[PDB]
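Survey of secondary and tertiary structure
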Amino acid sequence: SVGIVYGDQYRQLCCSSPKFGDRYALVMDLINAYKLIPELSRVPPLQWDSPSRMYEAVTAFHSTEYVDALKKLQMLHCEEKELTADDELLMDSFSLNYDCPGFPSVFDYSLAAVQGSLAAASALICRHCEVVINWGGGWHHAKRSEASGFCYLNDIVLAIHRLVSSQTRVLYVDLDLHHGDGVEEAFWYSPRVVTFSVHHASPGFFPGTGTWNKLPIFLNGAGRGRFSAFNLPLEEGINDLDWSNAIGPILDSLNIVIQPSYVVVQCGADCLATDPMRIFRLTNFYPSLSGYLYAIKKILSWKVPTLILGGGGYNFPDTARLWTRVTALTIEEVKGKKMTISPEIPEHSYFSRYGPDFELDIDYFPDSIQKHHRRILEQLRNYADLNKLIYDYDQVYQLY
Ligand SMILES: O=C(NO)c1cccc(-c2cn(CSc3ccccc3)nn2)c1
Ligand SMILES: [K+]
Ligand SMILES: [K+]
Ligand SMILES: [Zn+2]
């Protein structure tokens, strides 16, 4: 069975931020308009019995003083008065500024994604769900004591920590246009959480990591975590087929060698050709085959309990078009039951947002990688030697 995180308060909170507006509502309302919701188990966001218990849960990763600052920032924005000079400095010391400014529900907003992704992890753990989807989650840039790139709390790190604390290994697959730096950093010394981000990287492009660091090299973990952080940076303009061929053997190799207890997928939609980022040229096409659908179906064929999370996506109706299809694909791959998605957007509350033509398909007409494959294959060998893992080196070598 397949779970999905939602709830009336949750929706309202996920829709309160200035950057993402009502995107989460478009997503869930298109999933509902396509009659996918009777197929899905609703997973409610986690709630706590005390302030101390919520605090304990968030400070499994974030610092107490950072959580204090984020909660004070919300309070400060629930009043009319400007911030004082001392409070401006306090917020600045946590990067609670720039692309992560305050607003009246910033703490509740950030916490909501944490509640969602922790209940999604718990559902996988008690085996209630084989796969769980949280399109209100996936905020991979937040750090221990630092907000970054619209991310204030790192719900993914907290979810992954709850999975490993239940020998357990987690594979994290980050499909966002941007390097998943917060999650990579959090598990930099941990062999039990292998992280893999594919992304655009180029000079000046946010956040700047996930690429070359004497000829330059890739850092890939430290201490017992050495070789446990994987990265594949790609050039702008890549299409579905080339991106699919680029990540396919890496994904298959990671599964064979690591044999994960769980997979966590960040499924940011800003690689889409129609995203205002306009960097990659992926689609939501399902006959070109969507790079996203290819990767998700491949991960699901492994039959490992899987958390599927949102992330970037700044063309809100096209993010909804993609994630609706990811959601139908998951139901199909898990229940064994075919889903039939009409190519035309069904009438519903946000139907006008899908003009001028109202189709499910997005409105688009479509050797470095080989060196990267040899580097990654060797890193996987090193990881597997360091961590005393058995594996047929010629079974993995033929995947490429
Ligand atoms: O997705 C991300 N990280 O995973 C990420 C991180 C940092 C910056 C950006 C970003 C997005 N845009 C598009 S403009 C826009 C359009 C709608 C809403 C909000 C912004 N400009 N900068 C994205
Ligand atoms: K990524
Ligand atoms: K790691
Ligand atoms: Zn992104």
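Per the deposition metadata, X-ray crystallography was the technique used to determine this entry, at a resolution of 1.846 Å.

Looking at the PDB entry, one finds the protein chain named Histone deacetylase and attributed to Schistosoma mansoni. Recorded under Subcellular location (unreviewed entry), the UniProt text for the protein chain is reproduced unchanged: "Nucleus". The heading Sequence similarities (unreviewed entry) in the UniProt record of the protein chain holds the text "Belongs to the histone deacetylase family. HD type 1 subfamily."

The next thing to look at is the coordination of the potassium ion (ligand 3). Listed as protein donors to the potassium ion (ligand 3) are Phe187 (O), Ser190 (O), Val193 (O) and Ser228 (OG); their distances from the metal cover 2.6 to 2.8 Å. Classification of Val193 by relative accessible area gives buried; the value is 2%.

Moving on to the packing of aromatic side chains. On inspection of all chains with the given rule, the structure shows 13 aromatic pairs. Both rings, one in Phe20 and one in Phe150, keep their centres 6.0 Å apart while their planes meet at 85°; by these two values the pair is edge-to-face. You can see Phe20 sitting in the loop between α1 (8-14) and α2 (23-33) and its partner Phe150 sitting in the loop between β3 (131-134) and α7 (155-164), a full 130 residues away along the chain. For the pair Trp135 and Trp323, a centre-to-centre distance of 4.6 Å together with 5° between the ring planes defines the contact as stacked. Residue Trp135 is classed as buried on the basis of its relative accessible area of 1%. Taken together, the ring pairs connect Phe20, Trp139, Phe150 and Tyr314 into an aromatic cluster. The ring of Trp212 is capped by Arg375, whose NZ or CZ atom sits 5.9 Å from the centre of that ring. We note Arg375 situated over the ring of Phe218; from NZ or CZ to the ring centre the distance is 3.6 Å.

Conventions and cut-offs
- Along every chain, residues receive numbers from 1 upward following the written sequence, which is not necessarily the numbering found in the entry; those without coordinates are excluded from display.
- Lettering for chains starts from A, numbering for ligands starts from 1, and both go in the order in which the items are written.
- For the side-chain quantities, the full set of heavy atoms in the structure was used; hydrogens and water were omitted.
- UniProt positions are given in the numbering used here, feature names are shortened, and annotations may be inferred rather than shown by experiment.
- Only N, O and S atoms count as donors, using a 2.8 Å cut-off from the metal and 3.2 Å for Na, K and Ca, and because water is excluded some sites may appear unfinished.
- Classification of residues uses two cut-offs on accessible area relative to the type maximum, computed with a 1.4 Å probe and protein chains only: under 20% is buried, over 50% is exposed, and between them is partly exposed.
- Stacked, tilted and edge-to-face are the three classes assigned to paired rings of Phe, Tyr and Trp, where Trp is represented by its six-membered ring and a pair needs centres within 6.5 Å; plane angles under 30 degrees give stacked, over 60 edge-to-face, the rest tilted.
- Put simply, DSSP marks the helices as runs of H or I at least four residues long and the strands as runs of E at least two long, and each gets a number from the N terminus on.
- By definition, being over a ring means that NZ of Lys or CZ of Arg is both within 6 Å of the ring centre and within 35 degrees of the ring normal.

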